[PDB]
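Asks: One structure follows; several queries about it will come next.
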DNA sequence: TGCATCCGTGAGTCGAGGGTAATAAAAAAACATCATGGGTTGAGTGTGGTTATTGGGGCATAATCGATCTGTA
């Protein structure tokens, strides 16, 4: 599976999940912790906003 | 101070079907409202019409060859 840009959820405007509905991968909170441990603030900013 | 009592907590990506149902009353009048159909505005898109032409061919008016019988050592 892979997704560049597709459907977005309705209430919260976030990408859906699952290969069946062509959903994006879930960037959980553990990986957010890992990124802020690295110090890569810009990668986090794009991962949370754009 | 000891007792019961209440109040948060407790993972992670993932897939596939994905929706089901105990019951109930009719009249009448009254009103609201959309639905269609026919008629004015009006808003177009449609179609011919006069008048600006600029290359082209044309006839004038000139011009430079091509062919033979009279004058000079």
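In PDB author numbering, the protein residues as written are 1244 to 1293. By construction, the Cβ of each residue, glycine as well, lies at the ideal position given by its N, Cα and C atoms.
(1) Checking the sheet assignment: what are the DSSP bridge partners for residue 1251?
(2) Output yes or no for whether 7 Å exceeds the beta carbon distance between residue 1259 and residue 1250.
(3) Just confirm the distance between the C-beta atoms of residue 1279 and residue 1287, as a whole number of angstroms; I'd bet it's less than 8 Å.
(4) Once the 5 residues before and after residue 1264 are set aside, which same chain residues still bring their CB inside 7 Å of it?
(5) In the DSSP assignment, find the alpha helix (DSSP H) that holds residue 1292 and state where it starts and stops.
Replies: If we stick to the structure as given:
(1) 1258
(2) yes
(3) 6 Å
(4) 1250
(5) Counting along the chain, residue 1292 falls outside any alpha helix (DSSP H), and DSSP gives it neither H nor E.
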